[PDB]
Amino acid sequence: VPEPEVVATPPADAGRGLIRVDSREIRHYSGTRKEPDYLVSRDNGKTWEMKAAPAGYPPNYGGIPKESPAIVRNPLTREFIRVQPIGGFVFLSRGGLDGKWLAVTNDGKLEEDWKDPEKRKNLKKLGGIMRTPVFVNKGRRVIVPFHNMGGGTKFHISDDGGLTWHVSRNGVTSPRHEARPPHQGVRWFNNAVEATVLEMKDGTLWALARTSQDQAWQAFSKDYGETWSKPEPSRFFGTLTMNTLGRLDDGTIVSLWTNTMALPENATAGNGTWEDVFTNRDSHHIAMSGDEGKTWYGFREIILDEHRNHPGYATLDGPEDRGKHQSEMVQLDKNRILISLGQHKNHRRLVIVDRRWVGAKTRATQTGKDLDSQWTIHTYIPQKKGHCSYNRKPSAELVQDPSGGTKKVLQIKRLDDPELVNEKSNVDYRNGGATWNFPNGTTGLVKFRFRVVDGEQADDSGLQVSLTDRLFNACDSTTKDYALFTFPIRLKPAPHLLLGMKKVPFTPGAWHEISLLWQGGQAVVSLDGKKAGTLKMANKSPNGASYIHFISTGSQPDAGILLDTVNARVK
């Protein structure tokens, strides 16, 4: 099955501006303040180059330099509508993207002479931070989600193709974060911002929005966006990152988001007006549904941020927002989807995924071979740098397999590194760890191979092993508290698994395999091919397991454990 393939870097942060022109040409526009331009592919997304837009295409009067306007085709007229992420005007095409453009006036007319600054004074200016215009109701209505950070999302609505506009009666909201353990402070408050909208087969609109909770929240409309239900938690985990919904030609729904859990808030997190530090923006994920959202599959990592481990992460090539959050998609053919994702010129990417890979039931890995592409291992230097960022270090390193040969394996231990401690913000990220994604399953079997390091160990040394439903940081010791299933490997007095109350001893200084076969609310744990015990599920999930998470447990520097292979198969 074809793995995700990076094909280009878009010329703006992802989420707006990616637009199919025809069966072979796709463009990604930009937020340039100069003469407008775009990145273009003429081979259906495989190769790309920059090009200047023609003279009839309007400059970015609104928007910001790092984000393109959203550009959307009207399915009835086959023309395009363009709005900015913020500010500026509503432009409609006549003759396509390379034809004439007209700006919408306050009185519902079209202005051809928008190069005249006097004539721009009477142009319609839609308010708020906007996302993507979406045509609904057999193309007869267009709605544009917009938000205020603390006020919530509402919708700009037009019933005449964008000539005249009204605002929905209500929209989407979500509650403030409540500081309770393990948090020592409050998350940045976003009130159901950055909504994405999908029309369902029964005509309902589903709005999915970014929140300060552990998951995105959602609401529904029965009147094409004029009024919306009470909001509620969605099944898509994630916090303060963006969701995008789409639909393939065959009706399959695609959900793109950053399926992560941030680190608990620290003791200097601020009052929640703005963010203190981002600890959850280094991946992007995909899931699909063939039955109108009744069931979902996939929950696969599209990509991990290539810079995630590095001690200069926060400031390399300018401090602007960075990572793998935000996305937009264009279907390429029956199997392939093009995704623009991420923020910052060193991080944002155009990636081709294959739905057959989304639907796969197995995955395997070896830490020595696959660390850079597949393994989340970063810890943080807890000193805020750049714009709401931390620099990182790898929390674990590859070492020679003590059995000999050429294998390299991952040493997971409690680190002797004072730089990973901030006493004022009261955080200590010295426990090394590692986490790895696999296709989601409510029933599955995961096997991993590990070895106790021949070295000094602390009284509490070992490894907490968890199955989770989103990506928890490698250094997050609270993962077990949210996990679907979790148990410790304890090294002292002698090595053993603790499965409920049962202790299962095993030898140090030798490779061993542990299997977890989970189904419903129970997991059976095996050691070297022999049933060892069972685990009761610690937390229910709306989706199932899609990560295994390993973190050291020692509270003083130790030698820890080595991790070799992991494989997973789901039902």
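The numbering used is simple: start at 1 and walk along the sequence shown.
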Inset, instruction - Pick between 325-333 and 354-362: the one whose mean CA B-factor in the entry is higher. - result: 354-362
Legend entry - 236-244 set against 294-302, stretch whose average Cα temperature factor tops the other in the entry: 294-302
Legend entry - Residue of maximum C-alpha B factor among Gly127, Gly342, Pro117, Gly88, per deposited coordinates: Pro117
Inset, instruction - Please pick out which of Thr534, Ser41, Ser546, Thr32 has the largest Cα B-factor as recorded in the entry. - result: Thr534
Legend entry - Third assignment of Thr252 from its chain's C-alpha B-factors: middle
Legend entry - Within-chain third of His147 by Cα B-factor, per the entry: middle
Legend entry - Chain third (lowest, middle, highest) by recorded CA B-factor, residue given as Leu467: middle
Inset, instruction - Report the third (lowest, middle or highest) to which the CA temperature factor of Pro133 belongs, ranking only the modelled residues of the same chain. - result: lowest
Legend entry - Third of the chain, ranked by Cα B-factor, where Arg94 sits: lowest
